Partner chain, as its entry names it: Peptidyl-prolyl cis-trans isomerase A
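Given next, in structure tokens, is a single chain: the form deposited without its partner chain.
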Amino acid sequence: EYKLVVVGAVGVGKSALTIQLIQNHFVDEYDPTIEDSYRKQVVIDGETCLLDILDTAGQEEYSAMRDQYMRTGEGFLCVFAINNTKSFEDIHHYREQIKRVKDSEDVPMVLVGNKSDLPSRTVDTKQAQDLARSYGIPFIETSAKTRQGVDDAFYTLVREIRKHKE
């Protein structure tokens, strides 16, 4: 039973990548308002697990309630769109709020660049990997329509989670 959490600015495709992971397709316009957690069961690296993916959405709320719920997460998945610069810029802010609720400098996360399918690029693959070095995180480029990497990210995140419990 691992509890995952998917965050990133609206538009990157947090709902897109999650549905592909579970339902295995690619909704081309999932509502950007709805937030839901999906429970799936899979055998990751020989461990028949259960991944509860919480697909986050909505406006910022720094209440004691959204923090407590977000703190339940054991590994986070800060996605960003490689055609949206802001998405990347805001990555800093997403990482930092996670640090605070998890009460540590050390927290299980992996960056994820979604929408690699798209032709034009603003954020180049290069800067993302090096920023990931600045943090300690595996970077994984991903595509929600081509489905590439979708699984690895969602798996490598849980590898880190298992590592944290050692």
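Numbering follows the first chain given and starts at 1.
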Going by the entry, of stretches 39-47 and 103-111 the one with greater average Cα B-factor is 39-47
Give the stretch, out of 50-58 and 64-72, with the larger mean C-alpha temperature factor in the deposited entry.
50-58
Consider only the C-alpha atoms of the modelled residues in this chain, order them by B-factor as the entry records it, and name the third containing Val27: lowest, middle or highest.
highest
Going by what the PDB entry lists, where does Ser116 fall on CA B-factor within its chain: lowest, middle or highest third?
highest
Please place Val12 in the lowest, middle or highest third of its chain by C-alpha B factor as given in the entry.
middle
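One more form of this protein exists, namely the form deposited with its partner chain bound; it is left out here, but the text below deals with it.
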So which of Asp124, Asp31, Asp130, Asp45 gets a non-hydrogen atom within 4.5 Å of its partner chain in the deposited complex?
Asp31
Is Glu35 near its partner chain? Define near as a heavy atom within 4.5 Å, in the deposited complex.
yes
